[PDB]
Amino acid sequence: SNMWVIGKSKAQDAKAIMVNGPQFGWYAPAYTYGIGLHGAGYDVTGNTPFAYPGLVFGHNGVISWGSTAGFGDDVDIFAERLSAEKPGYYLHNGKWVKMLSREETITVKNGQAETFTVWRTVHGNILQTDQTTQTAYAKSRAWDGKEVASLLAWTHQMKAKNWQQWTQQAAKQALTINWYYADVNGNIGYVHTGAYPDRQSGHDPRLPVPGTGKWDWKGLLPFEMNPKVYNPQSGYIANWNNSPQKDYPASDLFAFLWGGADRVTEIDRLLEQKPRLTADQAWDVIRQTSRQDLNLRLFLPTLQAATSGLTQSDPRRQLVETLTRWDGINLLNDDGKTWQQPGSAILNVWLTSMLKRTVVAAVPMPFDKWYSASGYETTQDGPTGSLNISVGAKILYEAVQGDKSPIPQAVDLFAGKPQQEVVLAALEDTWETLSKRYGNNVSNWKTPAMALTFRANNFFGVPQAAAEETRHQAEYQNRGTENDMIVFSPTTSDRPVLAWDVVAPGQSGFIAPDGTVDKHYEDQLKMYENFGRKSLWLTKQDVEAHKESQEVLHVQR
């Protein structure tokens, strides 16, 4: 999910511009739901996932807000000590405490029902147990007990009119989420929200801790510790799920790292390129980042140094020269199915080979399979989410930086060989694989583009639409599930705010019993593909001016 917020000192023809591209995958009907709420203290417009009571993306005419996933570490596992005799108990602070437990029956259509039990300790629900060691693992979330309050903080924040009121509600949102702020006066802000544990000294948050008492969290850290900035010296706030701040630790997931190679640099380069940006230029960053290969920037210097002493007829070098002419923007050919330049296919095959020769080789099976993906893996339907730089590739980037990397190289991933020898061997593998399929003339290589599927199954793998409701888009775009832009104090209008969004396939998912599809079932689908957008209305006059229908209800509680 990415976000760029541009303040007073970087905005051209406006005081503040917010562009948000939450990335949840692509679905039919649409992941988010458009909604305007006018009354009881509320005056808002925007769209929100699953029609939440609170709007994750929108504005109320004075301030605007948006989110990206935080990925802080707010979950630790507690190894509980069980007893072979006295089962259902666990040792905690010198006594044998009884577990909470509940029985559940799963009714099954055309099957027999199944019942099982769920167990919970003071640290949380039990994930798994090891009868052999008499250990049970409890997953403990820092936000446990604050789920409903987080839903409400996302609702009440829609009434804030300034930074002070807005941060009051940010302090109640307990999930690890980045929150962003913009206002009519051009102020901008960011808060890495959520509840983080106050851990005992010596607790390494990447691994389990004994649940017997001594490792218990002390409480939760205060909101003053949450990374946050207001009106940054730079003039802008950019995020693509990268680190909030210097020295902030990331989720404990083995596949997730915040390192020197990070995709947010792609957004930074575009925002630093121009002294000021207009709304049209802020929106255009969605189209460039959507199409940008993320590995070229990282490994092009390494490839260039390695092939520098090679002759012009050496195919390894020809591969590097094709990459050197490329800006890394992928564009479809006229056929709607192949890319115009073979760069991504080259990097893919190179990187797979380099990982297999370095990171993969230093890790015992079966953990070596966690570090072999190049980050280009997809299927015929295309990626299910955003494209990123793979873990293996972030680890290999640190290794190719040498003593310029802050990470001690405990094992030499190049195993005694000079880097360039390993780079050239991988490049020979690449040439062998690709030339065999496409031939020797690199200029006529037509390599397969990634496509984009709006799935009929939601993100759990459950049907939310019939299989025929699936929609196909020829160009994969590394961009939000929806995009929304808010422009505050436009010099080009008399309106104090202007906002747009795009919720594809459409606002409605309704299909009548006779098979007649609603009028707003797919009217946003082509707009999405061409980077278009529709206006969001907020004032009464604008709503009335664009009304297509009206319904009045009279109800009393």
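Counting begins at 1, following the sequence as shown.
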Comparing 406-414 with 123-131, where is the mean C-alpha B-factor higher? 123-131
Tell me which stretch, 237-245 or 374-382, has the higher mean Cα B-factor listed in the entry. 374-382
Name the one of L347, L294, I188, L91 with the greatest CA B-factor according to the PDB entry. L91
So among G392, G343, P227, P315, who wins on Cα B-factor in the entry? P315
Could you tell me which third, lowest, middle or highest, the C-alpha B-factor of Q23 occupies within its chain? lowest
Divide the modelled residues of the chain into thirds by Cα B-factor and specify which third, lowest, middle or highest, holds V555. highest
Where does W96 sit by CA temperature factor within its chain: lowest, middle or highest third? highest
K436 by Cα B-factor - lowest, middle or highest third of the modelled chain: highest
Quick tally, chain-level thirds of C-alpha B-factors: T430 sits in the middle
